[PDB]
Each structure stands twice: as structure tokens, then as C-alpha cells.
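*Asks:* Let me give you the structure first, and then I'll get to my questions.
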Amino acid sequence: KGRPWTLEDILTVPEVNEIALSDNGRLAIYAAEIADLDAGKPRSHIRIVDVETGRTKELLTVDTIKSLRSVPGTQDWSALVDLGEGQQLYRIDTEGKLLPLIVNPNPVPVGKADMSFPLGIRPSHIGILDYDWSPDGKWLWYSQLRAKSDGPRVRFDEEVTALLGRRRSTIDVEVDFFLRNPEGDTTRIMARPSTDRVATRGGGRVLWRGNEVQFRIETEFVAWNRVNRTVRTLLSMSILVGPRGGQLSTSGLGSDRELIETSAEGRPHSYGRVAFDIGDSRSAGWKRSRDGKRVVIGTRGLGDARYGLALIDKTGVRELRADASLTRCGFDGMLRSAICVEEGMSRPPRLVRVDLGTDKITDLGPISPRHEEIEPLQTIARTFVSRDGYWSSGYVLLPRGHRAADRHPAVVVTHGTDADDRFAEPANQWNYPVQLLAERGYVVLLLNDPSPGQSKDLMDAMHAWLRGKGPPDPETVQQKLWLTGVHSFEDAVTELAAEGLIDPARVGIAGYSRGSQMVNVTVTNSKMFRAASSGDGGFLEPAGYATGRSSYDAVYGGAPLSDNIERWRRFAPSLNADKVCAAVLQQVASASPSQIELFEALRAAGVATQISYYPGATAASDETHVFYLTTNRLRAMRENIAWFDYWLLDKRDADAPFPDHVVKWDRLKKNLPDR
Amino acid sequence: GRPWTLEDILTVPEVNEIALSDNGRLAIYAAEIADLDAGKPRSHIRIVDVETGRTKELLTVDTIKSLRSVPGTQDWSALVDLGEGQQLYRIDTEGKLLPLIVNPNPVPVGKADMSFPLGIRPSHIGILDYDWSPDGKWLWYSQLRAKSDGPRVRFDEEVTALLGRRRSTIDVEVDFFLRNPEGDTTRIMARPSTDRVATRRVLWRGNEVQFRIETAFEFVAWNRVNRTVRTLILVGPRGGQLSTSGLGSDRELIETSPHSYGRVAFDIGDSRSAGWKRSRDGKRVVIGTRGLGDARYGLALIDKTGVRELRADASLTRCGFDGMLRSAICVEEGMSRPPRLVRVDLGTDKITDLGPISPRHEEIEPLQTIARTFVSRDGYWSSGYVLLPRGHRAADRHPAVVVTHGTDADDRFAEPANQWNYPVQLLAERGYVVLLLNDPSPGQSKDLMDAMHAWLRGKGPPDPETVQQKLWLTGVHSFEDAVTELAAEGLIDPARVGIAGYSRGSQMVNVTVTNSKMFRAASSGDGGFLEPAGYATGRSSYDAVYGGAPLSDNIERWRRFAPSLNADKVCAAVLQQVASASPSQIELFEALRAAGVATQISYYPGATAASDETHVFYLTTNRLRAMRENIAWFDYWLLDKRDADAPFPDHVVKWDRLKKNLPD
């Protein structure tokens, strides 16, 4: 029948962000990131797979692996891996053993750490930042970070204002671009300052045309001649190009879109109506055939919110369908076959082979046999319409042993659009143990924000947020991007309560990042939620305005101390603490002044609240926005268990992750105000 | 005499440590002199024969503190740092150092990565504090012990205390040890870092050694034999304490256990004076004095007859004493007079002279300094000094620059607590007349003390609007009324006049430029108080001024006073020299620039990217460039004078773009 979920199961759910298929298509390699208890952090397990037979051989375990590709012209592979000495460029031979290729002897420190460069991640050293092969595999382009060595200098004006939010010492780096010829000689193309985000962040696009190699920089698209060794300064650099050579896009609103391709001269060509959205970062991405007559694009459908593939060619648009979602996919050179990761809400991930000609999906071995032995929970995909007329997709996750005529306490978990068809996606659940809540008898409602692509009202308000000013009115910006989401949660809880599924007396809500903002807005604007947990928040608070000016100016119209202050007092949650009757827990990695402002405001208002600040590996390190430390991930999941058990169920937990706490939570309940 | 240079203001020595032998025939003092090779100050230890006057140079070190004479012997003891961290050393009667107590693993401290923030220059401290027993047989000392444990999850007030962190910190505890005459050491107790008196008071009674700990305070006693624990300055001969009444001009000195010693011309027990010392028998004491008016430091002898103060022709800052309080060796200091060592006979009140401290500064032609006080429109007087330019004749107009830090304008030689990075000596040599002016003295009126009490207390009375007036706004008027008074005499050109200051003086510079049209240019060193960005950290000190939070119903008090919101009232050139890079300092810069005011903020770094610069600059490369930037700033804006000596050349072009974009 299968065993129930445990806490370590949610921790060890593997992530596959790297999969590569050989050019001939007979071999493939992929790496599964799995949380390691002995290491205290995740480690990537590299595995080779025979596409024909289905045999999977475990090769080697490393720290990190990125940019996994197949070397053109050979049967080998290349990747950026870290063995603990810093990220370098390695070659994996056709039999699956890795040996160094390019090694920076002086890798610079990166991430949130003392004396490190704030790239934009887990603390580590990066020897080789990015690389790409030429189409024939003869030439190798790569970039590496070089720590700028000079004495500390006086800084002036905007140099000083950029240091406002600094929590730690930092260093300064430059980005070197190198090119190696077929003879093994390397020459430096150019150097770029840290101010270039295209060069520092890496992972960018680079094209090979004739004698030139072209890539992107920020001070343009720059070109380097292989022989002349000269530098000079198009939509060919853009993702999502079609078989005709134009830009792919989807137009329309509401239920279905229309997939079109616009040529560089501006003449559009429509492939007809489509039920899906194009080019999501969580989908399979995009790939073009060598001849350019066939492309594949990753898709995310409206409604069911499933990921898949779509084939574009001269005749039109055709998408192959599967019984689950295809997230990450490899392809061969001819685009005639693919190896993908098949994923679903309650079904663990599996490797599958896809023949793009016949649309036949042949199944391969499962990725995590540990999670195949777990009895799948009951999940029902459902969309809810609110009082403002907006629909929000999501999932209703039932408790174990649920039978009809059962009332259960509920917990709402929301992050962005990330509630979809995928297996235990950490971008959604975060530290909230959605699986373990159901085993203990909770109904977990996974619900997104109202999808902005349904209505012109939500798109115009979202545009003003990214733009940094109106129109529309900042008063409506608060309504469309925040307040109407509170209504979508209240109307979804009462709708299930009218069906007898949920006890309205006991209902929780949780979220982080975008979901943290939703939690902080609902708790102020709604009495319907008894307990709440806001992961790593701080947006919308007045303490973070100076850093976030352009993002705040759309919501509040201006500074907190300007004439717009009355907008700050009506909306911002830290000023609204008097409207809050609920239990607000803050799980905080960053310890920003905006999160502390929300804590000191709720505590001064008599509201029962606690802020939990999880540290890094040492005193010189921090924790990433999503927790990469297992000891922090496990205790954060248990803290949410103990928090929602105490306030919703009046249940004291013997497994509580921190001692002498429930004692303190009693003193908070005794001090609650009359309101 | 040769004229002042920029390196002379840098190399002016500080002596914070002087000790006289028990018999009184030998003495030691340490002179802190900025070193160009080391790029920071280094202390030169020197031994002195008071009879002959010979001064022998023993050894140069990094830092030295707590220099005392070991009771019962002819040797001394001090906390010195040779580069391996601060430890406790012994100085034998011939003047050579050898270790006494050495902590093999000192903890890093200061503003630095992976360091503990006591509350200073980055370094390692092996031995924190020490004190001898009266007989010298017992030795009490404390040392910092780095707390070793993994990082943990913090909750509630643990998180809020980290709001203002710029760097990674470690945690320590303070161990207290006691060494018996046989040489065996026993640990008295351990205190957490939250104890301030332990990290930053010991008495000896019988078999007990008593000190003070904070938990909010307690007095505990350790038994030297039983080895058990339990809970239980400025003293006169009769045992009663010493306080001063008699406001206004003179003062009355009283000893209260209610004796009265009569009228006195000075105030009592300032940190800048010689301090306090009591005789063994207890019939004679000596106290450091600071006089009203002339603002000179000196000594006062109290006995079973009365109070008698000895007077010299200059100020005595640091003084050592012998066991019987019959003699003293002191540092004689003056405004235009370089420091010099002197011996004082306390019985006969005669001062015999010894060699100079800094022969480098004895060859400089003394500038003309005139002590002068000014009365403002509010009826308050502000002491200070006016310093004439070189080659000045009567009936000459000159451009002016006002430099203010606290009460620190007084009779002393180039005190860095006052001038800071503003080169008042080199400004006079270049044709500037510099007015060194203090705040209105708070001891002159009950209106100033009551407002000062509310600031320290963190709430009224008096009214917050009067706290802005008494501690700030009336100091603006003192500057304006003193400038127009000198302009009426023909000394000062009112069109071109500067103002500068740091810390307290930075706050005065920020309020004047907002509340006054009289000053053309301004330089505010390492400021940020009174700004709304620093409320969450400084709540108590801010609550007195503004009455509450910036977003509360007190906002209208913030909009009228706080300089960041008043930038529209600023027509001037405001420069910020900034070590800390606080969010309050950045808020002041972003506010002035957004209002069209010409302004610039200069952020000076530490030795490494892992270290910071202290409040007063200890890095010679940072001090020299900070002095040059002020000259180039005031020469450009006041005199329209472009400088070929400018420290950063890219600026004067940018300053032109600031001048062209000025509003009306």
C-alpha cells in the first residue's frame, strides 16, 4: 500500500536542474540534488543512463554542478562542477569519469559571506563563471572572475549610497573573457567591471558566426574576431526564435492565447489558438534544430497548470501530451528525440524517453526509489472564483485517511504562481511541511495569487509595479496586486467550508517572499485566519524604502515621510498592527530592518508573535533565501508544525524543535488584547 | 620659527599615560605620535629622571594603557601591545619590559570581521583590565575569552539587537582572575558580554576583593582565602564627596558626607583634567580643575585647613604623583605653546621645568591666539578661541571658518578632539581667520542643564520643542551673533565664512546650515544624529528631541527640525567626511542632492576591507587626505580658489557642475 510521509522525505526530495542527452541520443547524464545529512547541505549525485536499455549507473557525488552539456564533435560531456575546491570546468568522458579541463588557480569567494563578492547565492568559490563550446567543439569560450587587488580607497556620492544595506564586508572583482583556439592557446578577449550584470551573473547567450564570437554585455551586443583579434559592436541573440526566424510570443487574455511569430521586419504570423503560456522559467525552455525548420518550446497550460512540450514547424503548432508534467528535458542535435523528467503533484519524478516524431513516451526508471514507496496523498486540482470576479488556480490537498463527512482544520500555503503540477516543489512549499500536515490531519490548500493574465486590470496594475509609477492609481495598485488576493483566500475557505470540508474556526495561512507579502496583508485586512507564518519577508514595510524606492513608489506613491504618508498608514502592515488578531510567526534568514520593524510593531500592539532568525554555516556565512542547510530546514518545518498545532488545535507538541517555547507562547496568549 | 605644515598637525604627540615613582625620583610617560611608515599611531615609551631632567627613549610600541607604579617596589606595570595583542607587562626600574601575565589566545576586537565590539581601534586584547592590591602582593586582572559554539537560531529581542550590524561579530565572556603572592591563579567568576562594566571598580577590604558587575547593577565580593562570593571617585580628606554649587561666575567647593571650602574659580573632575588622587593617610587630596572663562586645566590641594589651588602659566593635563602626594610630574600644555614636561612641588607650589616633549613643534613660529567669549541674542555666553592668520595686521579683512566640537575649545595644544581633520593651523597660514567656538556652556544656566538632563534621560520635562532650542538652536544664534560681532570690528568678511565640526559639532553644522543663511560652506564629519533613519537604534536619545517616532503623531516635530527634511532651507555647500557610512548619513546626502544643494559625501575606509575606520581617524593616509579635502573644499566655495594640492582631482570639475545647477 505504501508508507506514510515523514519529515526527512520532504527534505530529501531530489531536484534535477541538469540533464543532457548525447548528440547520437544513445546516452544521457543527469544530476540529482539531494539534501545530505552528513554534509549538512545538498550534494549533487551525477548519474549516467543508457537511453536504449534504461540502465542507470551512479558515477560520482559532488557539491554543485551547473551548465551540463554534451561536447559537440565528441561523445563526452562538459559541466561546471565543484568538488569543494571551487567551481571549475570539467570534462566527463563517454564512460562517465570526470577529469579537469579548465581550472582557475585563484577562485574568488562568492555569495553572502565575509570578504566575498555579492554575485546574486550559496557561499562558495567560483573559478570558472561561464563557458560555451563552438558548434564544432574546436573552440572554447569561457569567463572567470578575477578578484581586483588594490588598497582600500575613498568612495564618494553614489558609491556610498550603494553601501546603505550592507550586512557584511565585500570585495571587488572583474570578469575576464577568454578564448582558446584548437591548438590549446588561450587569449583574453576583454575585461568587464562588476557593474555588468550580464557578465557577472553569467549563464548568458553567446553565438558563433563565422570568424566571430558574439555575446552580451552591459555598460550592448559585442563581437570578437577569432583571427583578427578585434572587437566591434540582433534578435538572433534572443530566446524563443521560431522556424521562420522571428520572435515567438503569445497574445490574448482569459482562457486561451494565440501563438504568433513576428519577423524582424515586423510581419506577424499566427499559428492559431493555444491553451497554454509560452517560455516559462520552470518549463523545458526552448531548442532549435540545426536546419532551423523545427523548434521545441517549453509550455505551461492555463487551468490544469501542467508543463509539457510543443513542436513548431512549417505546418503549424502541435503539442504532445503526457499524463504528467515534463519539467527538464534533454535533446539531440536533430531534435528527433528527448529524455525528460516526468513529474506530478502526488507522483514522484521519473525519467522518460520521448520520441518527438511519433509522440510516444517510453518510461524509464524512477529518479527517487525512496519516494516511490510512499503512499500518494489525495490531491484535487481546483480553481476558485472570488467576490471580485477573479479566478485563482491551486490544489486541494486532503489529509491521510480522509473519508466523506469529515471536518478538518486547514492551512493555506501560497507562493506566487508556483502551485502547479510538480512533486513537492520547494519554490512553493518552502519550509512549510505540506505533506506532513496532511498525515497529521490537516487539509492543506495550495492556492496561487489570482493569475494576472486573465484580466486587463491585473496586468495594468502589475505593469505599474515593475515600472515604478502609475497609471493606474497607487490606490488601485494595492487593491489589484494585494487586497483582491485576500478576498480570493477568504472566498476559497468559505466555499470549502460550505461543503463541510473545512472548519472555519481553525484555519492557518503561510507563505514566503511574495507569499510573505500576502500573509502580512491578509492578517491585517482579515479576521478569518487564526495563525500565520510569513517566511523571509519585509517588502511593503517603510524600513526598506530607501533601498526599494522604485518598487515602493508604485504602491504608496512616494516616500514614507512625504505627503503620501496617509497611504503608508492605511496599507503597510507594520503600521496596521492594531488590526491584527492572529498568531504571526516570522521565519527569517536575512534579518533585514524591514522584518524587525514588523516584529517590533506586532509586539508593541499586544499581538502574539515571534521572529525566528536562522544562521549560516558559521558566523562568517548567512542562509540563502531558500534554506540550503538541512539543520535549518528540519527545524523550520518542525517550528511550523508546532506553531500551527498550538494556535489552531491547542495542541502542545512533544516534538517541538525548540525548548521552553510553548511556555512563552502561553504568556503571549495571556497578554492578548481585548480586541 | 618655521611655519606650520600639514604633517605637523598629524605628528603632534598625545600623552595619555604618565606615572611617577613612589619615591619620586623617576617617572615614565608614553607619547603617541602618528608614524608614516606604520600608517597609524605608535606609542614611544620614555623614562625620565626628574632630578636631572634626562629623558631616555626606551622602546616604541603600538598601544599602551593603564600605566601605574607597582606598589611595594620601584618597578611599574602597564597594558602594552607589541603587535601580538595587548598583554600585561612589567617595567623594571632600569626601564626594560618583560612579560607579567600573557593570555596565549587573545580575542580580536574593534570594528572588524569576526571581532567583538567593546565600544575602538581593531586589535587583539589578551588582558582587558588589571589592578594591584594596596600592598602589591595580590593581583586582580580580567581577560576576554572567545565563546566557542556553533551558530544558533535567535528569537525576538535577540534579532532586534542585530538591526544595525555592518559586519560579522563573535561572542565573548569576561573571566576574572586573582593571583596570590605565591603565583597561583584562581578564576573568580565569568561574566557575559551583556555586562558593560566587565567589558569596558575594584576595592580591597580585609580578606575580600570587591568589584562591580551589571546584570541592573550589583556589588560582589570574592574572599581571597575562603574562595566564596556574595552580594553586599572624588573623595575628600574628611571622607565626604566633592561637588560644586555656586552657579554663574565663580563656584563654591563643598565636601558632603556638609563642609564648605569657599569660593573657587574652577569646575571639578573633568575627564580632560588630571583626575583625582588621595594620600595614604587620607589627610590630603589632589583634584584636576577646569576653570570657567580662560578654560585652563590645573590642580587643587585640599587639606584640613582649606582649599588651595596652584597656578602655572599654562594648563596641566596629565599628572603623576608619588605616594605621599608631596610632588608631581605633569604635562604643561597651551593653545599656541607645545607640550613640555614639568615637575611640581606641591608643598611650595613651585614648578621646575624639564625638556620639551616634541622638539619638532618647538621650532614652529607660534600663531596668534586670543581667548574670547561671546554673548548671544538669547543671553548665553560661549567660550572659545580666535586664531589670527600669519602676517595679520590691524584693520584687515579675512575669510572665516568656524570649527566647533562640544566644549573642547580650551587651552591645549592642537587637541585632536577639537580640530579633528579640520587643519585650523594650516588654514591660518594660508590667510584664513579661524574661529574656534564651543557650544553655550551648559553650566551657566538652569535652562541648559534641564534640557541636557531630558536628553540623557530620554524624555521630558522640559518640552521637546525647548530641547531643540536649548541644545541646538541657541548654538546656531551663538555662531551668528559672534560672526556679525567680528564683522563689525572689521576682522571678518561676512560674504565668505565657513563652518565645520564632527560628532556633536556635526549636529551643530547640520542645524545651522538648515536654520541660517549666514554660512557659505560647511563640512560635517561623521554625523548622522537627529536624522529619521537612525531612530530605531537610538530610540531613547531621539524621544527627548522629537517626542516620539518619525511615523507617529510627532511627525510634524520631525519636519520642522530634523535637517534631512529641511534640505530646502539649505543654501550652502555641505561636505560630509564619513567613517561609518551610516544610513542616517546617507539619508542626509540623498536629501540635499534631491533638493539641488551642492553636496558631497566622502567615505574613508579602514586598513583592509575587513576593517573600518574609527570615529577619530587613526590612519595617517586617511587623516592627511581628510585635511586636504577640507582645504580644497573651503578654498573652492569660499574663495573661488582652485587648488593644485587637491587630494582627488576628479572633484573640482564635478564641483563646477554642482555650482551651475544650484537653485535660487
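By convention in this document, the chains of the C-alpha cells carry letters A, B, ... by their order, each chain's residues are numbered from 1, and ligands are numbered from 1 in the order they are shown.
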Give me the residues of chain B that have any atom at most 8 Å from an atom of chain A; for each, the nearest atom pair and the distance in Å, rounded to one decimal. Use only C-alpha atoms, sort by chain and number, and format it as CSV.
*Replies:*
residue,atom,partner,partner_atom,distance
B:113,CA,A:114,CA,7.1
B:114,CA,A:620,CA,7.1
B:150,CA,A:618,CA,7.0
B:151,CA,A:618,CA,6.1
B:152,CA,A:615,CA,6.3
B:153,CA,A:614,CA,4.7
B:154,CA,A:613,CA,5.1
B:155,CA,A:612,CA,4.9
B:156,CA,A:611,CA,5.4
B:159,CA,A:613,CA,6.6
B:160,CA,A:596,CA,6.0
B:162,CA,A:591,CA,7.7
B:163,CA,A:593,CA,5.7
B:165,CA,A:167,CA,6.1
B:166,CA,A:167,CA,4.6
B:167,CA,A:168,CA,4.5
B:168,CA,A:620,CA,6.0
B:169,CA,A:619,CA,7.2
B:170,CA,A:619,CA,7.2
B:550,CA,A:561,CA,7.9
B:551,CA,A:561,CA,7.2
B:581,CA,A:160,CA,7.1
B:582,CA,A:164,CA,7.1
B:583,CA,A:164,CA,5.7
B:586,CA,A:161,CA,5.9
B:589,CA,A:157,CA,7.8
B:590,CA,A:161,CA,7.9
B:600,CA,A:157,CA,5.9
B:601,CA,A:157,CA,5.4
B:602,CA,A:156,CA,4.9
B:603,CA,A:155,CA,5.1
B:604,CA,A:154,CA,4.7
B:605,CA,A:152,CA,6.1
B:606,CA,A:152,CA,7.1
B:607,CA,A:152,CA,7.1
B:608,CA,A:152,CA,6.3
B:609,CA,A:169,CA,6.3
B:610,CA,A:169,CA,5.8
*Asks:* Output N, CA, C and O atoms for every residue in the selection just made, as a compact mmCIF listing (two decimals), in the first residue's frame.
*Replies:*
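Result file follows (out-v9.txt):
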# COMPACT_ATOMS: atom_id res chain seq x y z
N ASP B 113 35.82 42.22 10.86
CA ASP B 113 35.16 40.94 10.67
C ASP B 113 35.60 39.97 11.76
O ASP B 113 36.76 39.93 12.15
N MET B 114 34.63 39.19 12.25
CA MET B 114 34.88 38.15 13.25
C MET B 114 35.57 38.72 14.49
O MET B 114 36.55 38.16 15.00
N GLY B 150 28.67 26.50 18.05
CA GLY B 150 28.11 26.65 16.73
C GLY B 150 27.08 27.75 16.68
O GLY B 150 26.56 28.20 17.71
N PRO B 151 26.77 28.23 15.47
CA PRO B 151 25.72 29.24 15.34
C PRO B 151 24.35 28.66 15.67
O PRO B 151 24.07 27.49 15.38
N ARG B 152 23.51 29.48 16.28
CA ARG B 152 22.22 29.04 16.79
C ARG B 152 21.11 29.96 16.28
O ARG B 152 21.36 31.08 15.84
N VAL B 153 19.88 29.46 16.37
CA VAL B 153 18.71 30.23 15.99
C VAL B 153 18.41 31.25 17.08
O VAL B 153 18.37 30.90 18.27
N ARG B 154 18.19 32.50 16.69
CA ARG B 154 17.92 33.58 17.62
C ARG B 154 16.47 34.02 17.49
O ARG B 154 15.87 33.92 16.41
N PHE B 155 15.90 34.50 18.59
CA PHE B 155 14.48 34.80 18.66
C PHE B 155 14.24 36.15 19.31
O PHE B 155 14.94 36.53 20.25
N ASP B 156 13.24 36.87 18.79
CA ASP B 156 12.66 38.07 19.41
C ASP B 156 13.76 39.10 19.63
O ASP B 156 14.40 39.51 18.65
N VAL B 159 17.08 39.10 17.79
CA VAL B 159 17.14 39.53 16.40
C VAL B 159 17.19 41.05 16.30
O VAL B 159 17.94 41.61 15.49
N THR B 160 16.40 41.75 17.12
CA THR B 160 16.33 43.21 17.03
C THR B 160 17.67 43.86 17.38
O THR B 160 17.97 44.94 16.87
N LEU B 162 20.46 42.96 16.38
CA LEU B 162 21.30 42.85 15.20
C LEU B 162 20.88 43.80 14.08
O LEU B 162 21.43 43.71 12.97
N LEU B 163 19.92 44.69 14.34
CA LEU B 163 19.37 45.53 13.28
C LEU B 163 20.45 46.39 12.62
O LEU B 163 20.44 46.58 11.40
N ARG B 165 23.77 45.89 12.36
CA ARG B 165 25.04 45.22 12.13
C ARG B 165 25.57 45.51 10.73
O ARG B 165 24.84 45.39 9.74
N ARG B 166 26.81 45.98 10.65
CA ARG B 166 27.51 46.11 9.38
C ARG B 166 28.50 44.98 9.11
O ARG B 166 29.08 44.94 8.03
N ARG B 167 28.70 44.07 10.06
CA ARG B 167 29.81 43.14 9.96
C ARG B 167 29.51 41.90 10.79
O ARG B 167 28.60 41.89 11.63
N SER B 168 30.28 40.85 10.53
CA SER B 168 30.20 39.63 11.33
C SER B 168 30.87 39.85 12.67
O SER B 168 31.97 40.42 12.74
N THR B 169 30.22 39.41 13.74
CA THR B 169 30.73 39.55 15.09
C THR B 169 30.85 38.19 15.75
O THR B 169 30.21 37.21 15.34
N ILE B 170 31.68 38.13 16.79
CA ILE B 170 31.80 36.93 17.62
C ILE B 170 31.26 37.27 19.00
O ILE B 170 30.88 38.42 19.27
N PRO B 550 9.26 58.80 14.09
CA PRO B 550 9.05 59.68 12.93
C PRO B 550 7.70 59.48 12.25
O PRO B 550 7.15 60.43 11.69
N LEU B 551 7.16 58.26 12.28
CA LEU B 551 5.87 57.99 11.65
C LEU B 551 4.70 58.15 12.61
O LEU B 551 3.55 57.94 12.19
N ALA B 581 29.67 55.27 7.41
CA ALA B 581 28.73 55.03 6.31
C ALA B 581 27.36 54.59 6.85
O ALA B 581 26.77 53.61 6.39
N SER B 582 26.87 55.34 7.84
CA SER B 582 25.61 55.03 8.48
C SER B 582 24.44 55.35 7.55
O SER B 582 24.56 56.18 6.65
N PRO B 583 23.29 54.69 7.74
CA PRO B 583 22.11 55.03 6.93
C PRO B 583 21.59 56.42 7.19
O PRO B 583 20.89 56.98 6.34
N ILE B 586 23.77 58.72 4.90
CA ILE B 586 23.36 58.59 3.51
C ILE B 586 22.03 59.29 3.28
O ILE B 586 21.80 59.89 2.22
N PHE B 589 22.69 62.95 2.76
CA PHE B 589 23.26 63.24 1.45
C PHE B 589 22.20 63.14 0.35
O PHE B 589 22.08 64.03 -0.50
N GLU B 590 21.42 62.06 0.35
CA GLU B 590 20.39 61.89 -0.66
C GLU B 590 19.32 62.96 -0.56
O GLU B 590 18.65 63.24 -1.56
N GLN B 600 28.58 66.71 -1.14
CA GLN B 600 29.42 65.55 -1.42
C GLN B 600 29.66 64.81 -0.11
O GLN B 600 29.83 65.43 0.94
N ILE B 601 29.69 63.48 -0.18
CA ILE B 601 29.96 62.63 0.97
C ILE B 601 31.20 61.80 0.67
O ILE B 601 31.25 61.10 -0.34
N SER B 602 32.20 61.89 1.55
CA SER B 602 33.45 61.17 1.39
C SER B 602 33.52 60.07 2.44
O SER B 602 33.46 60.35 3.64
N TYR B 603 33.66 58.83 1.98
CA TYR B 603 33.66 57.65 2.84
C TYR B 603 35.07 57.07 2.86
O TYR B 603 35.54 56.51 1.86
N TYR B 604 35.74 57.18 4.00
CA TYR B 604 37.13 56.74 4.16
C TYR B 604 37.17 55.32 4.72
O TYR B 604 36.51 55.04 5.73
N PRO B 605 37.91 54.41 4.10
CA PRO B 605 37.92 53.01 4.56
C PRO B 605 38.96 52.75 5.64
O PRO B 605 39.72 53.65 6.02
N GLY B 606 39.01 51.51 6.12
CA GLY B 606 39.99 51.09 7.10
C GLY B 606 41.24 50.55 6.44
O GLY B 606 41.54 50.83 5.28
N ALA B 607 41.99 49.76 7.21
CA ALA B 607 43.22 49.18 6.69
C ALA B 607 42.93 48.14 5.62
O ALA B 607 43.63 48.07 4.60
N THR B 608 41.90 47.32 5.82
CA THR B 608 41.50 46.29 4.89
C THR B 608 40.01 46.48 4.60
O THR B 608 39.36 47.34 5.19
N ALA B 609 39.47 45.68 3.68
CA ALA B 609 38.03 45.64 3.50
C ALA B 609 37.33 44.94 4.66
O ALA B 609 36.10 45.05 4.78
N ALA B 610 38.08 44.24 5.51
CA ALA B 610 37.54 43.58 6.68
C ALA B 610 37.55 44.47 7.92
O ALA B 610 37.00 44.07 8.95
*Asks:* Please return as a ChimeraX atom specification: the residues of segment 123-256 of chain A that backbone DSSP assigns to helix (DSSP H, G or I).
*Replies:* /A:158-161,197-201,235-237
*Asks:* Fewer than 3 positions away in the same chain doesn't count, so skip those; otherwise give me all residues within 8 Å of residue 178 of chain A, counting only C-alpha atoms, as a list in words.
*Replies:*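 Listing them by chain and then by number gives residues 141, 142, 143, 186, 187, 188, 189 and 190 of chain A.
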*Asks:* Which residues are near residue 380 of chain A? Cut-off 9 Å, only C-alpha atoms, ignore same chain within fewer than 6 positions. Put them as a PyMOL selection string.
*Replies:* chain A and resi 394-398
*Asks:* Do a neighbour search on segment 12-29 of chain A at 7 Å with only C-alpha atoms, toss out local chain neighbours closer than 4 positions, and write the hits as JSON, numbers by chain.
*Replies:* {"A": [8, 33, 34, 35, 47, 48, 49, 50, 51, 52, 66, 68, 69, 70, 75, 328, 329, 330, 331, 332, 333, 339]}
